[PDB]
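Visitor: Below you'll find the sequence and an experimental structure to go with it.
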Amino acid sequence: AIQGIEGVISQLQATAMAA
Amino acid sequence: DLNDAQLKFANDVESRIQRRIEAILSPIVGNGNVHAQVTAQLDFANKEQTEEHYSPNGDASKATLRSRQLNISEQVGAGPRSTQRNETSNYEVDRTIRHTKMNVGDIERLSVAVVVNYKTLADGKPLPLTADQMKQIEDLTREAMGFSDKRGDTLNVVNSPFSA
Amino acid sequence: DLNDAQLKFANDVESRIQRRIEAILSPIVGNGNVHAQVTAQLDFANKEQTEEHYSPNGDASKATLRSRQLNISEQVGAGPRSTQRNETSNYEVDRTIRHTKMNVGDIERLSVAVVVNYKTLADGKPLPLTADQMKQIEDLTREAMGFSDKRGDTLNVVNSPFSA
Amino acid sequence: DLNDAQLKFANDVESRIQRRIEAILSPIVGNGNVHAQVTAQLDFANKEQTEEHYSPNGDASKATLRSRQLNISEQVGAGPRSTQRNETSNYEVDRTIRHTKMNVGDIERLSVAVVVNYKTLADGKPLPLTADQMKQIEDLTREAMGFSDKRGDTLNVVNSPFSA
Amino acid sequence: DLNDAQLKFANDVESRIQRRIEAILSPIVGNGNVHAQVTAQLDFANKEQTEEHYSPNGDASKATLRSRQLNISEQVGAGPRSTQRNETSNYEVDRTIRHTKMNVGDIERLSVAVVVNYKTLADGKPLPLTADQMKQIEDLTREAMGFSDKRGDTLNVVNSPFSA
């Protein structure tokens, strides 16, 4: 989904912050 | 309802472009010796876009690897030669996700009509302007209107004596 | 109900296009020496569109890979040659999802009818206009109406003496 | 609603660029002997981007390894030679994740129109400026407007006598 | 809302750079004999970055090991020789994780326009400055503005007589 890809990029940002 | 708000938005944008053109066209041509009107084709369609890009890794120099198994066998007895190469490679690739929400109310195509007056000297003869001055007016109007070729903007400036 | 609102929306759009044309056509032709009327074919159909685009990866130079298994065997005994190549490739592709909701009330096709008057000199003879002036009026009206060829816009400006 | 706020934001940015240009153009050309107007194409589209980059490890000198199994066999009987090399390598790669949220309201393309006056000496003759002075004005305006070529900025400064 | 705060932030930064330039340019050129204006392209985009770096271990001298199995066999009967080497190595690698959150409001590109006056002696003749003095002013302005080439900073200082 478009919103699904939005969620994927959001989880990538989450990984960035966690690191 | 919403259509009226969009129309008022278009009217305000057109009026401000008109005023910006008039502001620079006033000092040289003179107050009232220039009239311009602007029409704007706007964008009131909500668009949402997600873009994914993968960097190519077909070249061994820029290819990033995690695990690689290379089984090589050469049973020379060209004669009864027997070559066998089993290669397995797992790659990691660059990834770029871009999420874009276009603004509602952007300008798609702007066309502007400008008319200038003649020059009445102390005698009163309406002497028309020159080619260089017309080119200067065209350039100034292009600068004021934000003229662009990707949008498809059209500009027309003509010289004619104003009526009484 | 809703149809009346759509009709009033069309009437306001047509009136504003008419006024924009009249505004530029007034200073040169003169007050009352120009009349224009606009009709607008509008878009009141709700459309929703989702677009998916994949970048081609048939060329090995732009192909992005995650895993690749290449088993190669050559048992030379052309003689009793035996070549065998088992290739398995998993690709990652660029992806672009665009979601678009078209605005309700957009313009599909605009046709505009403009009529100008003759020129009555100090004597009073209704002298018709010239070809250059007619071309200038046509260009100005095209600029004011936002003339476009993709829409299918039609413009007609004729010169005739006004009645008493 | 939000469109009006965006438009006011654009108006304030344009006014401040105009004032910055006028501030430097005033001391040399003189008060009122310079007029400038600015239009700004802005960015009101919310964009979010995540970037992943992998350092290439195809060269054995920069390749980082965790485990490596190298089975080598050579049964010499070229004769009945039999070479066999089974190599398995697990790598660790450099990784860089960048998450970027672009600001809403950035400038995309700035075009500025500046007009200067002539020079009236003690006699009163409107003597035009020189090429060197025009180049200096162009450079000063480019500095004030933040002229850049990546954006696609256009600047036009013309010299003409101001009207009464 | 937030855009106005960002704009005020930019205005304060530009004003302070202007004042810093004026402070050093005042004692030598004189009060009022120098005017400068600053524009700043700022960074209001929130960025978050995580960087991982692995030290290469391809050279046996810098390679750190935890477990190593080296099976070597040589059955000499080159004749019917049979060499076999099975090597398994587990490595420990240096690792550096850097997490960076870039500041919001940093400067991307600074361009500064400075104008100086002429020198009116006791007679009153506006004598222009010299090349050495102009170079000194350029160097002082570069120092005050924090001139850098990575940012892409541009500086323009011109000499011209001020108007009355």
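Guide: Thanks, I have it. Numbers count the residues shown, from 1 in each chain, chains lettered A, B, ... in the order given.
Visitor: is chain C contacted by stretch B:119-131?
Guide: No - judged by Cβ under 8 Å from any Cβ of the partner chain, stretch B:119-131 stays clear of chain C, getting no closer than 12.1 Å. For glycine as for every other residue, the C-beta is placed from the backbone atoms N, C-alpha and C.
Visitor: Ignore what I typed, I meant stretch B:56-68.
Guide: Yes - Stretch B:56-68 comes into contact with chain C (Cβ under 8 Å from any Cβ), by way of B:56, B:57, B:58, B:59.
Visitor: Switch the residues you listed over to TSV, and while doing so, append secondary structure, distance to chain D and neighbour count to every line.
Guide: What follows is the residues of stretch B:56-68 next to chain C, written out as TSV (DSSP: H, G, I helix; E, B strand; the rest coil; distance: Cβ to the nearest Cβ, whole Å; neighbours: other Cβ atoms under 10 Å in any protein chain shown):
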residue	secondary structure	distance to chain D	neighbour count
B:56	coil	12	17
B:57	coil	9	25
B:58	coil	12	15
B:59	coil	9	11
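Visitor: quick one: which of those is nearest residue D:138?
Guide: Proximity of these to residue D:138, judged by Cβ to Cβ, is greatest for residue B:56, which lies at 43.4 Å.
Visitor: my read: the closest one touches residue C:61, true?
Guide: Yes - at 6.5 Å, residue B:56 counts as touching residue C:61 under the criterion of Cβ atoms under 8 Å.
Visitor: residue contacts, whichever residue of chain A sits closest to chain E?
Guide: When distances are taken as Cβ to the nearest Cβ, chain A reaches nearest to chain E at residue A:19, 3.3 Å away. Applying Cβ atoms under 8 Å, 6 or more residues apart in numbering or on different chains, we find residue A:19 in contact with D:97, E:50, E:52, E:97, E:99.
Visitor: ok so, going back, using a markdown table, please lay out the residues of stretch B:56-68 next to chain C together with distance to residue E:149.
Guide: Formatted as a markdown table, these follow (distance: Cβ to Cβ, whole Å):
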| residue | distance to residue E:149 |
| --- | --- |
| B:56 | 32 |
| B:57 | 34 |
| B:58 | 36 |
| B:59 | 32 |
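Visitor: So which residues of chain A form helices?
Guide: A:2-18 (DSSP state H).
Visitor: Show me which residues of it sit near chain C.
Guide: Within chain A, the residues that sit near chain C (Cβ under 8 Å from any Cβ) are A:2, A:5.
Visitor: What residues does chain A have near chain D?
Guide: So chain A meets chain D at A:6, A:9, A:12, A:13, A:15, A:16, A:17, A:19 (Cβ under 8 Å from any Cβ).
Visitor: Report the separation between the first one and residue B:51.
Guide: For residue A:6, the distance to residue B:51 (Cβ to Cβ, to the nearest Å) stands at 12 Å.
Visitor: Compare neighbour counts for these two and give me the winner.
Guide: More crowded of residue A:6 and residue B:51, by other Cβ atoms under 10 Å in any protein chain shown: residue B:51, with 18 against 15.
Visitor: Which of the three states applies to the more buried one?
Guide: Of the three states, residue B:51 takes strand under DSSP: H, G, I helix; E, B strand; the rest coil.
Visitor: and what of residue B:40?
Guide: strand.
Visitor: For it, list each beta-bridge partner.
Guide: Counting by DSSP bridges, residue B:40 forms beta bridges with residue B:110.
Visitor: One more: the one 10 residues further on?
Guide: Beta-bridge pairing of residue B:50 under DSSP bridges involves residue B:99, residue C:97.
Visitor: Around chain B, pick out the residues from chain A.
Guide: Residues of chain A lying near chain B by Cβ under 8 Å from any Cβ: A:2, A:5, A:6, A:8, A:9, A:12.
Visitor: Just the buried subset of these, please.
Guide: A:5, A:8, A:9, A:12 (16 or more other Cβ atoms under 10 Å in any protein chain shown).
Visitor: check contacts around whichever residue of chain A sits closest to chain C.
Guide: At 4.9 Å from chain C, residue A:2 is the closest residue in chain A, using Cβ to the nearest Cβ. By Cβ under 8 Å, 6+ apart, the contact set of residue A:2 is B:48, B:49, B:50, C:50, C:97, C:99.
Visitor: of the residues you listed, closest to residue C:137?
Guide: residue B:49 (42.5 Å).
Visitor: what sits against the closest one?
Guide: Each residue near residue B:49 by Cβ under 8 Å, 6+ apart is listed here: A:2, B:99, B:100, B:101, B:102, C:96, C:97, C:98, C:99.
Visitor: I figured the third one hits residue D:44, correct?
Guide: The reference is to residue B:100. No - if you go by Cβ under 8 Å, residue B:100 and residue D:44 don't touch, sitting 11.7 Å apart.
Visitor: Kindly reformat the residues of chain A next to chain D as CSV and extend each row with distance to residue E:137.
Guide: Listed next are those as CSV, based on distance: Cβ to Cβ, whole Å:
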residue, distance to residue E:137
A:6, 53
A:9, 49
A:12, 50
A:13, 47
A:15, 51
A:16, 46
A:17, 47
A:19, 48
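Visitor: All set now, cheers.
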